[PDB]
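Visitor: I have a structure here, written as structure tokens, and I will follow up with some questions on it.
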Amino acid sequence: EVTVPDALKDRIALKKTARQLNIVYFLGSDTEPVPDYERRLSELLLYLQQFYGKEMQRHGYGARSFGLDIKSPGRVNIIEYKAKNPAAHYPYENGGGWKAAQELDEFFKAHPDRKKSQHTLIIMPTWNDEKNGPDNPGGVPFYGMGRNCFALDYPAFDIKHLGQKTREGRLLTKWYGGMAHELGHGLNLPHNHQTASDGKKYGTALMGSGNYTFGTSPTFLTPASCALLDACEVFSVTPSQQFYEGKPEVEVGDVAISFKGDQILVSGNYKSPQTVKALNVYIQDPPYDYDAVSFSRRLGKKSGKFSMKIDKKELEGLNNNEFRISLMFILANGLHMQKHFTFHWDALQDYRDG
Ligand SMILES: [Zn+2]
Numbered sequence: 025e026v027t028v029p030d031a032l033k034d035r036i037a038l039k040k041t042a043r044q045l046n047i048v049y050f051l052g053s054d055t056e057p058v059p060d061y062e063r064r065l066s067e068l069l070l071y072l073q074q075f076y077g078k079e080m081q082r083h084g085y086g087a088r089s090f091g092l093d094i095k096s097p098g099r100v101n102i103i104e105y106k107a108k109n110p111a112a113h114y115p116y117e118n119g120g121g122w123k124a125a126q127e128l129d130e131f132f133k134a135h136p137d138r139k140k141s142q143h144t145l146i147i148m149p150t151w152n153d154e155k156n157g158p159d160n161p162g163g164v165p166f167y168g169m170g171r172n173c174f175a176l177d178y179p180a181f182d183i184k185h186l187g188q189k190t191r192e193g194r195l196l197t198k199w200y201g202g203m204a205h206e207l208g209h210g211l212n213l214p215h216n217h218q219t220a221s222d223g224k225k226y227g228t229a230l231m232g233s234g235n236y237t238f239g240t241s242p243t244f245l246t247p248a249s250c251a252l253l254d255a256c257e258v259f260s261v262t263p264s265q266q267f268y269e270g271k272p273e274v275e276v277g278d279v280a281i282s283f284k285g286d287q288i289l290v291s292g293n294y295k296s297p298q299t300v301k302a303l304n305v306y307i308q309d310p311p312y317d318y319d320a321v322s323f324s325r326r327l328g329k330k331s332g333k334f335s336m337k338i339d340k341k342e343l344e345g346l347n348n349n350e351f352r353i354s355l356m357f358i359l360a361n362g363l364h365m366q367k368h369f370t371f372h373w374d375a376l377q378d379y380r381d382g
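What the sequence shown shows, in PDB author numbering, is residues 25 to 312, 317 to 382, in sequence order.
Printed below as a string of structure tokens:
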């Protein structure tokens with residue numbers, strides 16, 4: 025019988041989505057499933073869905089998370105896929121993830137009813153050899169890759185260890201926190217660093233480039249991350265909206281970036297055949317990669333003006349004389365385009381388009 029783990033007693037009802045993240049449990053031809061994976065992974069995926077949804081709600085989007093196909097209460101409809109080759113054919117290195125994704129493309133072409141969006145989370149059991157095992161999982165792809173994400177499973181991959189000061193709890197923050205961040209990449213998120221103010225109130229940005237924090241110390245999603253998720257296919261509540269087709273078409277004009285005291289003033293105009301959902305601004309140190321501090325403003329029109337004032341004291345962690353400001357325009361179909369501008373703190377020069 026299904027029971028709800030204590031970590032899921034506090035949970036919000038989520039909006040029904042038009043597209044769902046596919047969950048594939050990917051087994052080499054010689055690979056057995058890790059026991060109880062249906063329960064363990066359902067619990068972990070539903071808790072992760074709550075994290076994303078509560079953060080979207082906190083940022084004003086309502087109770088919107090990535091969609092999941094639910095088989096029964098507390099149980100995600102996980103596709104168990106038995107692969108054509110042994111697990112050694114799909115390693116972390118040397119294109120293992122690409123080979124697995126290609127094979128799943130064929131599976132979904134043969135069984136299109138099982139595909140619910142362009143986004144897939146592929147989970148593979150750990151290898152068990154002289155390097156990896158239940159106490160040191162690994163061997164398998166573990167990264168975002170395009171719209172897909174690869175993560176791993178092992179016996180103690182179980183929400184009951186969340187936040188426990190134990191060997192298994194530490195393992196969970198590494199591999200579940202890892203899954204949370206890598207899934208972010210699969211959901212179109214780049215890296216970004218919290219602002220000074222957000223760091224003090226909410227902790228560490230999920231998509232920061234440092235060590236995984238999820239489940240161990242306060243972790244949150246930035247406004248810029250949530251603006252991208254707003255335009256992510258598996259967060260859609262609008263069946264008529266198509267995602268990722270074509271090219272990102274945004275005309276940006278009369279761009280001006282000026283510096284006055286501790287304020288950075290960014291302005292210009294935009295025009296697109298699509299609704300432009302939002303502007304994200306990233307301020308980043310070289311090399312051109318360390319985490320950029322991000323900011324976001326809603327737009328919501330096909331044409332208009334944009335204006336953002338950024339306080340330099342929010343730029344926590346930046347320490348280079350050279351810095352780059354990137355303007356990212358996010359479109360309703362989930363594509364985006366960026367423009368970049370480079371400056372030096374010891375020789376600040378206001379920018380204006382020619
Ligand atoms: Zn990353």
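Just so you know, even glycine gets a beta-carbon here, dropped at the ideal spot from N, CA and C.
1. Identify whether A220 lies in helix, strand or coil by the three-state DSSP scheme.
2. Can you tell me whether DSSP reads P57 as helix, strand or coil?
3. Please state whether DSSP places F90 in a helix, a strand or coil.
4. Rounded to whole angstroms, what's the CA-CA distance from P179 to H185? Just pull it up for me.
5. Going along the chain, which residues put their C-beta within less than 6 Å of some heavy atom in ligand 2?
6. Pairs of beta-carbons, one from the region 192 to 201 and one from the region 221 to 228, closer than 8 Å: are there three or more?
7. Are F323 and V305 close, meaning C-beta to C-beta below 7 Å?
8. Under DSSP, the alpha helix (DSSP H) around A251 begins and ends at which residues?
9. Tell me whether the region 75 to 91 and the region 114 to 133 touch, counting them as touching only if at least three CB pairs, one residue from each stretch, are closer than 8 Å.
10. Measure the Cβ-Cβ separation of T246 and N216 and say whether it is below 7 Å.
11. Label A111 either buried or exposed according to how many other C-beta atoms from any shown protein chain fall within 10 Å of its C-beta, with 16 as the threshold for buried.
12. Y116 to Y49, Cα distance in whole Å?
13. So, for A280: in the same chain, excluding its five sequence neighbours on each side, which residues have a beta-carbon less than 8 Å away from its beta-carbon?
14. Rounding to the nearest angstrom, what Cα-Cα distance links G187 and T197 in this structure?
15. Could you check how far apart the C-beta atoms of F357 and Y294 are, in whole angstroms? I think they sit under 8 Å.
16. Taking its Cβ as the centre, do 16 or more other Cβ atoms sit within 10 Å of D286, making it buried, or is it exposed?
17. Closest to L176 by CA distance: which of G201, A255, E154 is it?
18. On the criterion of 16 or more Cβ atoms from any shown chain inside 10 Å, does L376 qualify as buried, or is it exposed?
19. How big is the Cα-Cα spacing for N156 and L211?
20. Just verifying my parser: in three-state terms, what is the DSSP assignment at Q188?
21. Could you check if residue 315 is buried or exposed, using at least 16 other CB atoms within 10 Å of its CB as the buried criterion?
22. In whole angstroms, what separates the C-alpha of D34 from that of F238?
Guide: If we stick to the structure as given:
1. If you number the sequence shown from 1, residue 220 lands on position 196. Three-state DSSP puts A220 in a helix.
2. Mapped onto the sequence shown, residue 57 falls at position 33. Coil at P57, not helix or strand.
3. Within the sequence shown, the letter at position 66 stands for residue 90. If DSSP states are grouped into helix, strand and coil, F90 belongs with coil.
4. For the purposes of this step, residue 179 is identified with residue 155 of the sequence shown, where counting begins at 1. For the purposes of this step, residue 185 is identified with residue 161 of the sequence shown, where counting begins at 1. Approximately 12 Å, taken between the alpha carbons.
5. No copy of ligand 2 occurs in the structure displayed; its ligands are ligand 1 alone.
6. no
7. The residue given as residue 323 occupies position 295 in the sequence shown. The residue given as residue 305 occupies position 281 in the sequence shown. It is a contact, given that the beta carbons lie within the stated cut-off.
8. Position 227 of the sequence shown, counted from the first residue, corresponds to residue 251. Looking at the DSSP string, the run of the alpha helix (DSSP H) that includes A251 is 247 to 254.
9. no
10. By 1-based counting over the sequence shown, the position of residue 246 is 222. By 1-based counting over the sequence shown, the position of residue 216 is 192. Cβ distance < 7 Å, so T246 and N216 count as in contact.
11. Numbered from 1 along the sequence shown, position 87 holds the residue referred to as residue 111. So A111 ends up on the buried side.
12. For the purposes of this step, residue 116 is taken as the residue at position 92 of the sequence shown. For the purposes of this step, residue 49 is taken as the residue at position 25 of the sequence shown. Going by the C-alpha atoms only, they are around 16 Å apart.
13. Translated into positions along the sequence shown, residue 280 becomes position 256. Contacts found: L289, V290, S291, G292, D378, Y379, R380, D381.
14. Here residue 187 refers to the residue found at position 163 when the sequence shown is read from its first residue. Here residue 197 refers to the residue found at position 173 when the sequence shown is read from its first residue. One C-alpha to the other measures close to 8 Å.
15. Counting from one through the sequence shown, the residue named residue 357 turns up at place 329. Counting from one through the sequence shown, the residue named residue 294 turns up at place 270. At roughly 6 Å, the Cβ-Cβ gap stays under 8 Å, so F357 and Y294 are in contact.
16. Residue numbering aside, residue 286 sits at position 262 when the sequence shown is read from its first letter. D286 comes out exposed.
17. Counting from 1 along the sequence shown, the entry for residue 176 is found at position 152. Out of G201, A255, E154, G201 has the C-alpha closest to the C-alpha of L176.
18. In the sequence shown, the residue the question calls residue 376 occupies position 348. Exposed: under 16 other Cβ atoms inside 10 Å.
19. Here the question's residue 156 lines up with position 132 in the sequence shown. Here the question's residue 211 lines up with position 187 in the sequence shown. Each residue's alpha carbon lies about 28 Å from the other.
20. For this step, residue 188 is matched to residue 164 along the sequence shown. In this structure, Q188 counts as coil in the three-state DSSP scheme.
21. Because the chain is numbered 312 and then 317 with no intervening positions, residue 315 cannot be located in this model.
22. Residue mapping note: residue 34 aligns to position 10 of the sequence shown, counting from 1. Residue mapping note: residue 238 aligns to position 214 of the sequence shown, counting from 1. In a straight line, the C-alpha of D34 is about 17 Å away from that of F238.
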